[PDB]
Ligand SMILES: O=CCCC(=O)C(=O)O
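Encoded as structure tokens, the following chain is the form deposited without the ligand, with no partner shown.
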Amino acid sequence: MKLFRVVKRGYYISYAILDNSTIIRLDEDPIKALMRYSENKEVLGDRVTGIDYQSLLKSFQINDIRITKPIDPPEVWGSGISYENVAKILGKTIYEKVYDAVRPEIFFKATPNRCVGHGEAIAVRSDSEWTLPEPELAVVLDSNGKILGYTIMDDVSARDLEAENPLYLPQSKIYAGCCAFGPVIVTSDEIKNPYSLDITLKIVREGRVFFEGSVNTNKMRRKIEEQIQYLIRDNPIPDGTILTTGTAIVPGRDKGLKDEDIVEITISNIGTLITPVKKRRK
């Protein structure tokens, strides 16, 4: 099942697309639907026609419906340094340290209102001169840390603020439009192997491919199971929590996002998440 959500005249409607391309209008809240599916693959709803999923992906809005975040994740957390000047501890950089350590990096990324969806704008802080998108596989979780599904997430990061001081990381990570995900959440059975997926990032500036890069999830060294373990340790998470699993695609120092850029992130078996960029004003 691949779950998406539209906003229509101020209210939400959730839909699921099945492998045979049939679309079901959901009876339940999408997080509840994902929990149910995780249990027995049951889906409550009616088959609908006239919902053009492919058009929604490309054009964002058809008539009075517009695609958005597939769920409202009560919490969003991130991991980093999970794939194969700077602050340093006894001559060794903090990033190299975490890479070699038993304990992975886990940080709080966003509340639901700080997240945006497919076709909506991500933001660059007014006081950042070097913000990069971070293209990542993300998991939707229940309160036990069980994986309810997979999605694409952009961990939008003010890399300059982070480089300035690791103590500025929260400021570099948490703000309005700091986070984007979708366009769908795919159930766990839609991804046979999460560690064999292609991730492609494109930054499009005035029609021009200003940056393009790809990585396969077979390069992830710090596994998701371990990330979840450290996330939930002494730390309860609500159903529908999203954990984003780090990035291996890092544009250069001259590749900072600017106003009206288009960020496109593709992941195998999920789709392509597309977000315009808005630079915040001082």
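Numbers follow the displayed sequence, beginning with 1.
Hey, how big is the hole between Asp189 and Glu190 in terms of deposited residues without coordinates: none, 1 to 3, 4 to 9, or 10 or more?
Going from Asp189 to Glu190, the model skips no residues of the deposited sequence.
According to the deposited model, is the average Cα temperature factor higher in 181-189 or in 97-105?
For C-alpha atoms only, the mean B-factor is higher in 97-105.
Where do the C-alpha atoms have the higher mean temperature factor in this entry, in 156-164 or in 110-118?
Per the PDB record, 156-164.
Say you rank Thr68, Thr244, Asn235, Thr217 by Cα B-factor from the PDB entry; which sits at the top?
Among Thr68, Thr244, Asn235, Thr217, the PDB entry lists the largest C-alpha B-factor for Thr217.
Relative to the other modelled residues of the same chain, rank the CA B-factor of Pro74 and answer lowest, middle or highest third.
Within its chain, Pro74 is a lowest-third residue by C-alpha B-factor, going by the deposited values.
How does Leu90 rank on Cα B-factor within its chain, lowest, middle or highest third?
Ranked within chain, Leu90 CA B lands in the highest tercile.
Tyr175 CA temperature factor, ranked by third within the chain:
Answer is lowest: the recorded C-alpha B-factor places it there.
CA B-factor ranking of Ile224, expressed as a third of its chain:
Answer is highest: the recorded C-alpha B-factor places it there.
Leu57 - Cα temperature factor, lowest/middle/highest third of chain:
Within its chain, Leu57 is a middle-third residue by C-alpha B-factor, going by the deposited values.
Keep in mind the form deposited with the ligand bound is missing from the figure; the text below concerns it.
Could you tell me if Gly246 has a non-hydrogen atom within 4.5 Å of the ligand in the deposited complex?
Yes, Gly246 sits close enough to the ligand in the deposited complex that at least one of its heavy atoms falls within 4.5 Å.
Is there a heavy atom of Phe107 no more than 4.5 Å from a heavy atom of the ligand in the deposited complex?
Looking in the deposited complex, residue contacts with the ligand include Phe107, since a heavy atom lies within 4.5 Å.
Does the ligand get within 4.5 angstroms of any non-hydrogen atom of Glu134 in the deposited complex?
Output for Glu134 is yes: heavy atoms within 4.5 Å of the ligand.
Any chance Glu120 has a heavy atom within 4.5 Å of the ligand in the deposited complex?
Although the ligand is absent here, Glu120 would stay clear of it in the deposited complex, with no heavy atoms inside 4.5 Å.
In the deposited complex, the one of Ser79, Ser128, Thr187, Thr151 near the ligand [non-hydrogen atom within 4.5 angstroms]:
Here the answer is residue option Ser79.
Within 4.5 Å of the ligand in the deposited complex, heavy atoms considered, which of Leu197, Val204, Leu169, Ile147?
Exactly one listed residue reaches within 4.5 Å, namely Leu169.
Can you tell me which of 69-77, 134-142, 175-183, 207-215 lies within 4.5 Å of the ligand in the deposited complex, counting heavy atoms only?
After filtering at 4.5 Å, what remains is 134-142.
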